[PDB]
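A short worksheet on the structure shown next.
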Amino acid sequence: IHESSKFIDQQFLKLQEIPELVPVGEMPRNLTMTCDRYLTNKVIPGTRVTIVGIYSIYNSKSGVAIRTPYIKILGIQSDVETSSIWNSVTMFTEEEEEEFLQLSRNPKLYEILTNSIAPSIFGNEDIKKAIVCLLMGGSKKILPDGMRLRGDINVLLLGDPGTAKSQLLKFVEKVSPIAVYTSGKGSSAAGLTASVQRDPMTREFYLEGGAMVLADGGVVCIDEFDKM
Amino acid sequence: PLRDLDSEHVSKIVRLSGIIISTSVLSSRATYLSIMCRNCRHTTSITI
Amino acid sequence: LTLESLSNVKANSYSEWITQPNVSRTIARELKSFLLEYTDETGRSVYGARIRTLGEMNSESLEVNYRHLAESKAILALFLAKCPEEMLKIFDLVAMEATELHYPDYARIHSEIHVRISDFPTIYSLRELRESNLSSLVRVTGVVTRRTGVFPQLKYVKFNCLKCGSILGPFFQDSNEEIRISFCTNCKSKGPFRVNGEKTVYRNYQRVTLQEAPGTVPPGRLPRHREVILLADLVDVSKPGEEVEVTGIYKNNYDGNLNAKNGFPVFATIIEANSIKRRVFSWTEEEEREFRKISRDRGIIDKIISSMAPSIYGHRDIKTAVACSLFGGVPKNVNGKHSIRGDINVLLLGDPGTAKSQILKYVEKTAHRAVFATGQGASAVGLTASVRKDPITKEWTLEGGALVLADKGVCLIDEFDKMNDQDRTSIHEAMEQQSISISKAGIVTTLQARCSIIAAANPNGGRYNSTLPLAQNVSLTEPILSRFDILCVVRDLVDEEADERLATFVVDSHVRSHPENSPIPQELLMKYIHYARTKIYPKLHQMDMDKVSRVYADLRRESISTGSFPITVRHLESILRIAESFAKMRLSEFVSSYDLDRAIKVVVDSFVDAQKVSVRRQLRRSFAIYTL
Amino acid sequence: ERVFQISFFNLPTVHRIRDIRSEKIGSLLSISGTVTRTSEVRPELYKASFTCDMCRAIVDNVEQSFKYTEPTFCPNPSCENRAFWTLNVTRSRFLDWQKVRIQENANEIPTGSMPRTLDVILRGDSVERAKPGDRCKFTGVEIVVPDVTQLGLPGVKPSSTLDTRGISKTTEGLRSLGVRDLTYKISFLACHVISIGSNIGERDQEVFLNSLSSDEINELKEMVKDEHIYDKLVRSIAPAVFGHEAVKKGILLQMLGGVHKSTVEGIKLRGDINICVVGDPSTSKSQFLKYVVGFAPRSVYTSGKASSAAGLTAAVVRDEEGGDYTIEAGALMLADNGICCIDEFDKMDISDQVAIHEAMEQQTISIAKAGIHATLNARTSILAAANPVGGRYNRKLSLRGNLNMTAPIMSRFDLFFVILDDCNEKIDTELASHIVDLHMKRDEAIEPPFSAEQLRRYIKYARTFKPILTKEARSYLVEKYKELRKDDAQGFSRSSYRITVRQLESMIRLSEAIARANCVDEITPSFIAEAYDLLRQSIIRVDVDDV
Ligand SMILES: Nc1ncnc2c1ncn2[C@@H]1O[C@H](COP(=O)(O)OP(=O)(O)OP(O)(O)=S)[C@@H](O)[C@H]1O
Ligand SMILES: Nc1ncnc2c1ncn2[C@@H]1O[C@H](COP(=O)(O)OP(=O)(O)OP(O)(O)=S)[C@@H](O)[C@H]1O
Ligand SMILES: Nc1ncnc2c1ncn2[C@@H]1O[C@H](COP(=O)(O)OP(=O)(O)OP(O)(O)=S)[C@@H](O)[C@H]1O
Ligand SMILES: [Mg+2]
Ligand SMILES: [Mg+2]
Ligand SMILES: [Mg+2]
Ligand SMILES: [Zn+2]
Ligand SMILES: [Zn+2]
Ligand SMILES: [Zn+2]
């Protein structure tokens, strides 16, 4: 009787060893894991996790008595947390609020935020001021006619090689809450802008990826912007 | 490491690291299910 | 019974003879006497020492030599050769009792001792296994092609009964066939019993495909392959791609309804491995003292330069670049905000016949984590990260590519010029961010690619033209050319004496290699490079800043005056990184002045020789003080 | 008890693969064919030993005929049922078994039809007597094997149902019968395998001279003793071709080859000579390839556009849409320790050129397709024929500009024979006379110094030698390398392709081949001079426009 029965969620995860430490000519080995209740939907594919769990057995119907191992997850720890819109947190504690309010009344606030932008880079003070302004951005407006005015600022740095523009891009990628650093032709296997590809096991259209979309609400640092 | 998992770790708690390929869709498992006999109409509950 | 009574056989077959309890107990007693009393007439018991060593090392493997048993009891050696399975079970029990004679608490730790027979005399190739070798011990050589993962196979099988819930006793699982129980002995029922994995004990299992080594195959014949099953202790021993020699029992794999395609009652064959023998960057306490002894020599660095690629002659600056790339600098991250790369990228641009590929092969042999890749070739690891689904396994796997796979190591890219676009983008990201970002198949992540790159390229048109500068001789663009620290342009100009010595070297190499006919040793050198990479971490101090800043302006103003492509800050960083790499070969914790001068020499020579000849003539005379 | 096998041979007639008819099933026969696939040796259940399930006594020596059979006698009187048994694979007896696939010979295929294959099975001592790519004459029995794929075929497929006439039945109640299809394909079971030569007409020398009788070993000694033997060897190669003595010398040296050497580090030094023939249209460049395929053992012929990556190296193939994947030996392994003759190397696409220079680099073939990972032996000399870009050969352009073949392809060819057409009356008249004499006289117009069979015996004798460079040969070789590179330096861009070290290994290889041609154990400096002269004549000077 289904309208008087109670159910929980269960999820299959697939875990590989990290591709940095794999034998050169060998396939990276993987295990299936099962999680339930509040352990489901806690990690996205691609994240690096250490997981505590029971190493257990199932029989799948290659050897007279051969069993497939799996992991029953008891806990998941995320080593690094990816930056995205859904993963962004808007909650603040009162101590951080007080610290930011106390910071905002400093009369040399502009000077210290410009000095904090890439302290290892000699010169380019105007560029660092520009980078601070880019990090803040302007006010976005939505008007009664429906058309919107953007607040984001797009800055181009073009010049001779060896003038630390790539390091400025890297530091902006590090300091931004949401950021991606890509080339003009994209990444090694991550596209630029937006890619719509068919789903693997159900053959349905979905947004494959792309620098301009994963970095929504953030900064895309496009190195070698002329080749595109 | 993932390659040092042997048969001595079977049905034991192991801590192990890696990267995630895929997260499957959420399947619905049953915790409490009420059952009723087809013709006998005996009502029973199984808790899991 | 006696040995001479064991020589005579009464049963129909050998296996039925050994199956008898009296023959089994006689063989057990004789194996006990052999294990406890064998000496090599030198006053030492090698097997007692082996038992003590395996007990103190907490290992379940006992190596028993076949020639020792043959000299001691020849009939038991013949019995082992003919019927290895049950006699190995007997000698398992005998070796377990011999271990319990010394260590009485070893049974609770392991309860299983595997006997590994070594130096079996008969040698078989995989192409000559026949009908006579079934259920017999065979010693076969070959190359491992690929191996499966380690799976848990049931060893002590425990059941539970669905009628009463009682948990039954443990039963040994024979490796030949599945075991089943039909009685409960508590509720006296033949009901459905289920195996519970929490109280069942398992052994490790691996499946390894072995082919005949391609050197030994007859001409028109394909290399035969067999399949080898590795048990609990032998798992993950032999990596694929290496020549290994396996001793084991040759037997038939049983399958349901045989093969319908053949129409004949044909079985497949397996080898259950009894022993694995391989036909390491570990330094001992003496090895580090030897490293310190060889480092205190004044001319140590040059010896390392002379140790790079002995089969390659005359390319001293290329070998210096190889030594710098192999040792490498130190990466650093000041305050977490600003990162400076710490490994030397070397580009070998050369005409055909300058032996760049042999240098790449030498580095692949020498280095710790060396990954070989190429642009034009197909059967090699790719340079691009990917998410690939196996067509048969239907399993999605994340391949980091050769750049991620060479992390904390070296990636060697042969034929750097005719690369395609995706591989160029992968190299560009791997040298800029030292990482590779993937957004494929629902996987959005970044993989660390902190890898040094030693690339080889051919100039445009097949020759280097010294009249044109470097960028016009190579299809590589300016940003990818600027990322290399050492830029070795090698050209085969015609010099009579050089041609004579090179031809002499090559012809001598041929005449040494005929079948009818001060450098550091390679084994010491490889561990030396690993040690210096893993424990030194050199550092440069504050009072040398007045000379590098001086020579930086000295090259910059001359580059402005001459009008070549400019010297940037990255040449200074390349100087400071090559200095830290040269200081590692001395096992030195600090950077010296001669170290900096040698690094400045390397960088100046690498910058000058990539120029137009008009630029070369002025730059050689202006920078004569630093070239020395 | 030892199993015995009777092998019949010298049958009066040899049948084609397409002449196999159903009237000869269960009859002694002799067929011929070219072996394509060889399986590995597998055990076949000959004398099965069973144990009954409920009486549990062992019985042995059960006849096994093709399909798997279980005895129904059960001679112990303890139990009363017959069908249930269990096989004991340890106690039972097995024989060797191989399924080798053979294909119709190229001269036997009809006018428009494709070749059709046949699976012949070898048992016992006949196993592994056939190699991938050779012509074998199989004597055996035409047998018949169940085939399931004939279900969708048109026509009435025979079937078997159980006859129920003498069986008493009652309609008590509480009608099923066993019907099974009779669909089959013709197979062969051979007791004798002999390998006739793949030609139209063992490394140690002692086993070779033991094989020859007194008369032909005397003839071989007479050939060895002759002082003008090298000129006769050159003149005996490709008699239908007029002129082009340098190409004939190269072909002879390729058929001889150099020694294979392995250094202490582990790298391998190639003894195989790879030759590319480039030139103007209608210069008999394909006649050389025809002669090498029709003459040299272990030789295969391939066209450039009709090529493929899998067909030249190795193929991973699927049979009957099953889970099993097998390996087809490619053209490079069908010519292993022989010559792969590839006409129109220019028309070959880039992927196949990549897949073949990989097997020129490592002299091996790598397979990673599907679940099969394999390393394969393809040490093979390559005789390539290429046409220049634009059709005609431009004298003003270098060899690299005339050819679209890539630099890794070009770097491993020792000899580049550019054969050209020049219009003068004398040699055109003599060539025309030669061609019309060929058309008039067939074999009467061909008068070589040696016939094909004695040429092949001399080549196979000479390949046993392993020539060794002497003390003076070393210095004379390095002097020739010095003067050759000095000629490059003086010529500048006038040379077609510059001499590097690779030409020095090719010079050593050609010197070893010449020393083999004269049947000597040590390389004389005259052989060095001949190899250097041939290599110098390989490079032609680039014509330069006047300024
Ligand atoms: N003014 C500067 N102050 C501090 N460090 C600098 C300065 N200019 C260059 N560098 C350093 O020198 C290197 C220069 O690399 P980048 O200039 O960032 O490369 P880029 O030339 O800007 O980008 P390209 O044009 O694609 S090569 C980095 O390691 C910087 O840290
Ligand atoms: N300086 C040298 N010392 C020793 N052997 C050499 C030298 N130069 C060339 N060789 C030999 O010449 C051959 C050249 O082989 P490769 O290493 O493939 O040449 P390469 O420099 O890679 O040029 P490619 O193949 O056109 S990219 C090998 O047999 C080398 O051993
Ligand atoms: N120099 C020659 N000596 C003998 N026969 C020749 C010569 N040149 C041409 N022929 C004959 O003329 C015909 C030329 O055919 P092919 O050998 O196929 O031409 P080819 O040299 O291969 O040029 P392509 O590249 O195929 S257009 C054949 O019948 C040859 O026997
Ligand atoms: Mg940049
Ligand atoms: Mg090369
Ligand atoms: Mg032709
Ligand atoms: Zn009921
Ligand atoms: Zn029970
Ligand atoms: Zn019975």
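In the structure tokens, the first chain shown is A, the next is B, and so on; residue numbers restart at 1 for each chain, and ligands run from 1 in the order shown.
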Original post:
Can you tell me which residues sit at most 8 Å away from ligand 2, counting only C-alpha atoms and all ligand atoms, written as number ranges by chain?
Top reply: C: 311-315, 350-359, 414-415, 456-458, 502, 505-506; D: 269, 407-408, 411, 500-502, 505
Original post:
Could you write out as a PyMOL selection string the residues of chain A within 10 Å of chain B, counting only C-alpha atoms?
Top reply: chain A and resi 1-19+22+28-37+40-57+69-79
Subject >> Near-ligand residues for ligand 1, threshold 9 Å, only C-alpha atoms and all ligand atoms, as a PyMOL selection string >> reply: (chain A and resi 118-124+158-170+223-224) or (chain C and resi 338-341+432+478-483+568-573)
Subject >> Contacts with ligand 3 at most 7 Å, only C-alpha atoms and all ligand atoms counted, listed as a VMD selection string >> reply: chain D and resid 240 to 244 280 to 287 386 to 387 431 435
Generate a file of the selected residues that holds N, CA and C atoms, formatted as a compact mmCIF listing (two decimals), in the first residue's frame.
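And here's selection.txt as it stands now:
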```txt
# COMPACT_ATOMS: atom_id res chain seq x y z
N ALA D 240 62.43 -8.94 -67.29
CA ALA D 240 61.49 -8.27 -68.18
C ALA D 240 61.75 -6.77 -68.25
N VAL D 241 62.45 -6.22 -67.27
CA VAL D 241 62.80 -4.81 -67.26
C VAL D 241 64.13 -4.61 -67.97
N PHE D 242 64.18 -3.64 -68.88
CA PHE D 242 65.41 -3.28 -69.57
C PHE D 242 66.07 -2.11 -68.85
N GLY D 243 67.38 -2.22 -68.64
CA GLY D 243 68.10 -1.16 -67.98
C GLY D 243 67.80 -1.11 -66.49
N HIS D 244 68.06 0.07 -65.91
CA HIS D 244 67.88 0.35 -64.49
C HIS D 244 68.65 -0.64 -63.62
N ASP D 280 59.28 9.40 -63.39
CA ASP D 280 58.30 9.76 -64.40
C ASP D 280 57.34 8.60 -64.65
N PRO D 281 56.15 8.89 -65.19
CA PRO D 281 55.23 7.80 -65.56
C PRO D 281 55.83 6.90 -66.62
N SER D 282 55.45 5.62 -66.55
CA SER D 282 55.88 4.58 -67.48
C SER D 282 57.40 4.42 -67.50
N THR D 283 57.97 4.20 -66.31
CA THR D 283 59.39 3.93 -66.16
C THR D 283 59.66 2.56 -65.57
N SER D 284 58.69 1.64 -65.67
CA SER D 284 58.77 0.27 -65.15
C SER D 284 58.97 0.22 -63.64
N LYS D 285 58.46 1.22 -62.92
CA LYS D 285 58.66 1.24 -61.47
C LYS D 285 57.75 0.23 -60.78
N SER D 286 56.64 -0.14 -61.40
CA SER D 286 55.77 -1.17 -60.83
C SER D 286 56.15 -2.57 -61.29
N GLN D 287 56.90 -2.68 -62.38
CA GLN D 287 57.40 -3.99 -62.81
C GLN D 287 58.36 -4.57 -61.79
N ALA D 386 56.45 5.47 -55.75
CA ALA D 386 55.77 6.75 -55.59
C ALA D 386 55.87 7.56 -56.87
N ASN D 387 54.81 8.29 -57.17
CA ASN D 387 54.78 9.23 -58.26
C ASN D 387 54.98 10.65 -57.73
N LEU D 431 64.81 -0.24 -76.35
CA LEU D 431 63.72 -0.55 -75.44
C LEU D 431 62.47 -1.01 -76.19
N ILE D 435 60.62 -4.64 -75.89
CA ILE D 435 59.21 -4.82 -75.55
C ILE D 435 58.49 -5.64 -76.62
```
Subject >> Expected selection as a list in words for ligand 9 within 8 Å, only C-alpha atoms and all ligand atoms >> reply: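 So the residues close to ligand 9 are residues 51, 52, 53, 54, 55, 56, 57, 74, 75, 76, 77, 78, 79, 80, 81, 82, 84 and 85 of chain D.
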Original post:
So how far away is atom CA of residue 496 of chain D from atom CA of residue 541 of chain D, in Å?
Top reply: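 Separation between atom CA of residue 541 of chain D and atom CA of residue 496 of chain D: 6.0 Å.
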**OP:** Step by step, measure atom-to-atom distances between ligand 8 and each residue using only C-alpha atoms and all ligand atoms, keep those at most 6 Å, then write them as a ChimeraX atom specification.
**Re:** /C:161,163-164,166,184,186-187,189
Suppose we keep N, CA, C and O atoms; can you now write the selection as a PDB file, in the first residue's frame?
```pdb
ATOM      1  N   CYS C 161      21.092 -19.572   7.301  1.00  0.00           N
ATOM      2  CA  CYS C 161      19.877 -20.261   6.889  1.00  0.00           C
ATOM      3  C   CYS C 161      18.685 -19.325   7.027  1.00  0.00           C
ATOM      4  O   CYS C 161      18.502 -18.696   8.072  1.00  0.00           O
ATOM      5  N   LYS C 163      15.564 -20.126   7.200  1.00  0.00           N
ATOM      6  CA  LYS C 163      14.499 -20.650   8.048  1.00  0.00           C
ATOM      7  C   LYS C 163      14.687 -20.242   9.505  1.00  0.00           C
ATOM      8  O   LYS C 163      13.727 -19.828  10.166  1.00  0.00           O
ATOM      9  N   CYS C 164      15.912 -20.349  10.023  1.00  0.00           N
ATOM     10  CA  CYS C 164      16.170 -20.128  11.439  1.00  0.00           C
ATOM     11  C   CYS C 164      17.105 -18.967  11.738  1.00  0.00           C
ATOM     12  O   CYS C 164      17.135 -18.509  12.886  1.00  0.00           O
ATOM     13  N   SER C 166      20.363 -19.148  11.721  1.00  0.00           N
ATOM     14  CA  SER C 166      21.620 -19.634  12.272  1.00  0.00           C
ATOM     15  C   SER C 166      22.751 -19.457  11.270  1.00  0.00           C
ATOM     16  O   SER C 166      22.577 -19.653  10.065  1.00  0.00           O
ATOM     17  N   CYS C 184      21.597 -27.759   7.142  1.00  0.00           N
ATOM     18  CA  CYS C 184      21.724 -26.683   8.119  1.00  0.00           C
ATOM     19  C   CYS C 184      22.385 -27.114   9.420  1.00  0.00           C
ATOM     20  O   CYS C 184      23.054 -26.293  10.058  1.00  0.00           O
ATOM     21  N   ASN C 186      21.258 -27.351  12.235  1.00  0.00           N
ATOM     22  CA  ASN C 186      20.592 -26.777  13.397  1.00  0.00           C
ATOM     23  C   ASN C 186      19.093 -27.012  13.370  1.00  0.00           C
ATOM     24  O   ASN C 186      18.531 -27.529  14.343  1.00  0.00           O
ATOM     25  N   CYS C 187      18.424 -26.643  12.280  1.00  0.00           N
ATOM     26  CA  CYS C 187      17.006 -26.922  12.102  1.00  0.00           C
ATOM     27  C   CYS C 187      16.760 -28.123  11.201  1.00  0.00           C
ATOM     28  O   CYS C 187      15.597 -28.483  10.981  1.00  0.00           O
ATOM     29  N   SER C 189      17.285 -28.712   7.823  1.00  0.00           N
ATOM     30  CA  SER C 189      16.537 -28.325   6.637  1.00  0.00           C
ATOM     31  C   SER C 189      17.480 -28.123   5.462  1.00  0.00           C
ATOM     32  O   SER C 189      18.631 -27.708   5.629  1.00  0.00           O
TER      33      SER C 189
END
```
**OP:** Would you list, as a PyMOL selection string, the residues of chain B that end up in strand (DSSP E or B) under DSSP run on this structure's backbone?
**Re:** chain B and resi 10+13-23+27-36+43-47
For the selection you just gave me, I'd like the residues written to a file as a short mmCIF file (atom, residue, chain, number, x, y, z; two decimals), in the first residue's frame, keeping N, CA, C and O atoms.
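Final output, saved to part-v3.cif:
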```
data_model
loop_
_atom_site.label_atom_id
_atom_site.label_comp_id
_atom_site.auth_asym_id
_atom_site.auth_seq_id
_atom_site.Cartn_x
_atom_site.Cartn_y
_atom_site.Cartn_z
N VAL B 10 37.64 -6.07 3.78
CA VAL B 10 36.25 -6.40 3.47
C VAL B 10 35.41 -6.35 4.74
O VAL B 10 35.79 -6.90 5.78
N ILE B 13 35.63 -0.54 8.05
CA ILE B 13 35.63 0.90 7.81
C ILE B 13 36.98 1.29 7.23
O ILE B 13 38.03 1.03 7.82
N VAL B 14 36.95 1.91 6.05
CA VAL B 14 38.14 2.38 5.37
C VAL B 14 37.95 3.85 5.01
O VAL B 14 36.84 4.29 4.68
N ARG B 15 39.03 4.61 5.09
CA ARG B 15 39.06 6.01 4.72
C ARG B 15 39.92 6.13 3.47
O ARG B 15 41.06 5.67 3.46
N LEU B 16 39.37 6.74 2.42
CA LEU B 16 40.05 6.70 1.13
C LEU B 16 39.62 7.89 0.28
O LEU B 16 38.48 8.34 0.34
N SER B 17 40.57 8.39 -0.52
CA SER B 17 40.40 9.64 -1.25
C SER B 17 40.40 9.40 -2.75
O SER B 17 40.86 8.37 -3.24
N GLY B 18 39.86 10.38 -3.47
CA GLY B 18 39.80 10.30 -4.92
C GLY B 18 38.97 11.43 -5.49
O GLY B 18 38.69 12.42 -4.82
N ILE B 19 38.58 11.25 -6.76
CA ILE B 19 37.75 12.20 -7.48
C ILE B 19 36.51 11.48 -7.99
O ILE B 19 36.51 10.26 -8.18
N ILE B 20 35.44 12.24 -8.20
CA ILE B 20 34.13 11.67 -8.49
C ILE B 20 33.83 11.81 -9.97
O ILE B 20 33.92 12.91 -10.53
N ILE B 21 33.46 10.70 -10.61
CA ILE B 21 33.11 10.73 -12.03
C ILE B 21 31.66 11.15 -12.20
O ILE B 21 31.34 12.07 -12.95
N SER B 22 30.76 10.46 -11.50
CA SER B 22 29.34 10.57 -11.77
C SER B 22 28.55 10.40 -10.49
O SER B 22 28.95 9.65 -9.60
N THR B 23 27.43 11.10 -10.41
CA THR B 23 26.43 10.93 -9.36
C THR B 23 25.13 10.50 -10.02
O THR B 23 24.60 11.22 -10.87
N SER B 27 17.43 7.03 -6.37
CA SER B 27 16.48 5.94 -6.31
C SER B 27 15.71 6.00 -4.99
O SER B 27 16.20 6.50 -3.98
N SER B 28 14.49 5.49 -5.02
CA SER B 28 13.60 5.50 -3.86
C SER B 28 13.65 4.13 -3.20
O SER B 28 13.14 3.15 -3.75
N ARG B 29 14.27 4.06 -2.02
CA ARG B 29 14.27 2.86 -1.21
C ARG B 29 13.19 2.95 -0.15
O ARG B 29 12.74 4.04 0.20
N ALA B 30 12.76 1.80 0.36
CA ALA B 30 11.65 1.74 1.30
C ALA B 30 12.18 1.58 2.72
O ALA B 30 12.97 0.67 2.99
N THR B 31 11.75 2.47 3.61
CA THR B 31 12.07 2.35 5.03
C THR B 31 10.94 1.66 5.78
O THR B 31 11.14 0.61 6.40
N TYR B 32 9.75 2.25 5.74
CA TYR B 32 8.55 1.66 6.31
C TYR B 32 7.58 1.38 5.18
O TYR B 32 7.23 2.30 4.43
N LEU B 33 7.17 0.13 5.04
CA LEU B 33 6.20 -0.23 4.02
C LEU B 33 5.08 -1.05 4.63
O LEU B 33 5.32 -2.00 5.38
N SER B 34 3.85 -0.67 4.30
CA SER B 34 2.66 -1.39 4.73
C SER B 34 2.24 -2.34 3.62
O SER B 34 2.19 -1.95 2.45
N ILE B 35 1.96 -3.59 3.98
CA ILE B 35 1.58 -4.62 3.04
C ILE B 35 0.22 -5.17 3.42
O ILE B 35 -0.17 -5.18 4.60
N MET B 36 -0.50 -5.66 2.42
CA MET B 36 -1.80 -6.28 2.63
C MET B 36 -1.91 -7.51 1.74
O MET B 36 -1.51 -7.47 0.57
N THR B 43 -3.13 -7.25 7.12
CA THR B 43 -2.31 -6.05 7.05
C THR B 43 -1.10 -6.19 7.96
O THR B 43 -1.23 -6.60 9.12
N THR B 44 0.07 -5.85 7.44
CA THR B 44 1.33 -6.01 8.14
C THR B 44 2.21 -4.81 7.79
O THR B 44 1.97 -4.12 6.80
N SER B 45 3.21 -4.54 8.62
CA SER B 45 4.17 -3.47 8.35
C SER B 45 5.58 -4.01 8.45
O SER B 45 5.92 -4.71 9.42
N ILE B 46 6.42 -3.70 7.46
CA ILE B 46 7.84 -4.01 7.50
C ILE B 46 8.60 -2.70 7.63
O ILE B 46 8.48 -1.81 6.77
N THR B 47 9.39 -2.57 8.69
CA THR B 47 10.30 -1.46 8.85
C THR B 47 11.72 -1.91 8.51
O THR B 47 12.13 -3.03 8.83
#
```
Original post:
From the set D:192, D:412, D:426, D:480, which residue has the shortest atom-to-atom contact distance to ligand 5, counting only C-alpha atoms and all ligand atoms?
Top reply: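 Of D:192, D:412, D:426, D:480, the one nearest ligand 5 is D:412, counting only C-alpha atoms and all ligand atoms.
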Subject >> In segment 263-478 of chain C, DSSP alpha helix (DSSP H) residues written as a PyMOL selection string >> reply: chain C and resi 285-295+300-307+316-327+356-366+401-405+421-432+470-473+478
Original post:
Near residue 78 of chain C, within 12 Å and counting only C-alpha atoms, which residues show up once chain neighbours fewer than 6 positions away are dropped, as a list in words?
Top reply: residues 6, 7, 14, 66, 67, 69, 70, 71, 72, 84, 87, 120, 121, 136 and 137 of chain C
Residues within 6 Å of ligand 7, counting only C-alpha atoms and all ligand atoms, as a PDB file with N, CA and C atoms, in the first residue's frame:
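Below you can see selection_26.pdb, which holds the result:
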```pdb
ATOM      1  N   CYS B  37      -2.430  -8.592   2.300  1.00  0.00           N
ATOM      2  CA  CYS B  37      -2.598  -9.836   1.563  1.00  0.00           C
ATOM      3  C   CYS B  37      -3.640  -9.670   0.459  1.00  0.00           C
ATOM      4  N   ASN B  39      -5.965 -11.826  -0.980  1.00  0.00           N
ATOM      5  CA  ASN B  39      -7.308 -12.306  -0.676  1.00  0.00           C
ATOM      6  C   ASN B  39      -7.568 -12.467   0.809  1.00  0.00           C
ATOM      7  N   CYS B  40      -6.524 -12.745   1.585  1.00  0.00           N
ATOM      8  CA  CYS B  40      -6.650 -12.866   3.031  1.00  0.00           C
ATOM      9  C   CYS B  40      -6.883 -11.511   3.693  1.00  0.00           C
ATOM     10  N   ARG B  41      -6.412 -10.429   3.062  1.00  0.00           N
ATOM     11  CA  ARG B  41      -6.499  -9.054   3.574  1.00  0.00           C
ATOM     12  C   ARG B  41      -5.856  -8.898   4.950  1.00  0.00           C
ATOM     13  N   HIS B  42      -4.740  -9.583   5.180  1.00  0.00           N
ATOM     14  CA  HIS B  42      -3.976  -9.413   6.408  1.00  0.00           C
ATOM     15  C   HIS B  42      -3.014  -8.243   6.245  1.00  0.00           C
TER      16      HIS B  42
END
```
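For the choices D:141, D:478, D:542, D:196, the atom-to-atom distance to chain C is smallest for D:478 when using only C-alpha atoms.
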**OP:** Rank A:26, A:90, A:138, A:143 by their smallest atom-to-atom distance to chain D, using only C-alpha atoms, and report the top residue only.
**Re:** A:26
**OP:** Give me, as a PyMOL selection string, the contact residues of chain D against chain A at a cut-off of 12 Å, counting only C-alpha atoms.
**Re:** chain D and resi 368+371+373
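Among the candidate residues D:525, D:304, D:390, D:491, the one lying nearest to ligand 6 is D:304, with distances computed using only C-alpha atoms and all ligand atoms.
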**OP:** Identify all chain C residues at most 9 Å from chain B by counting only C-alpha atoms; ligands do not count. Present them as a ChimeraX atom specification.
**Re:** /C:149-153,197-205,232,236,387,396-398,441-443
Subject >> Selection: 10 Å around segment 547-556 of chain C, only C-alpha atoms, excl. self and same-chain fewer than 6 positions, as an NGL selection string >> reply: :C and (562 or 566-569 or 571-572 or 575-576 or 593 or 596-597 or 600 or 604 or 619 or 622-623 or 626)
Mind writing the picked residues with C-alpha atoms as an mmCIF file, in the first residue's frame?
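Saved to again-v1.cif:
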```cif
data_model
loop_
_atom_site.group_PDB
_atom_site.id
_atom_site.type_symbol
_atom_site.label_atom_id
_atom_site.label_comp_id
_atom_site.auth_asym_id
_atom_site.auth_seq_id
_atom_site.Cartn_x
_atom_site.Cartn_y
_atom_site.Cartn_z
ATOM 1 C CA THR C 562 70.740 45.438 -31.262
ATOM 2 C CA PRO C 566 63.379 41.657 -26.174
ATOM 3 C CA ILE C 567 64.826 40.273 -22.977
ATOM 4 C CA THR C 568 61.988 40.279 -20.467
ATOM 5 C CA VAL C 569 61.729 39.597 -16.739
ATOM 6 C CA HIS C 571 64.820 35.557 -18.660
ATOM 7 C CA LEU C 572 65.847 36.720 -15.178
ATOM 8 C CA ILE C 575 68.380 32.480 -14.707
ATOM 9 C CA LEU C 576 67.244 32.205 -11.090
ATOM 10 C CA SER C 593 78.219 32.751 -7.309
ATOM 11 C CA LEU C 596 74.702 31.864 -10.842
ATOM 12 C CA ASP C 597 77.453 32.476 -13.402
ATOM 13 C CA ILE C 600 73.728 33.051 -16.711
ATOM 14 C CA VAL C 604 72.812 33.828 -22.502
ATOM 15 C CA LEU C 619 75.561 39.730 -29.266
ATOM 16 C CA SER C 622 78.852 42.222 -26.375
ATOM 17 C CA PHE C 623 78.147 39.293 -24.022
ATOM 18 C CA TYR C 626 79.283 36.392 -19.391
#
```
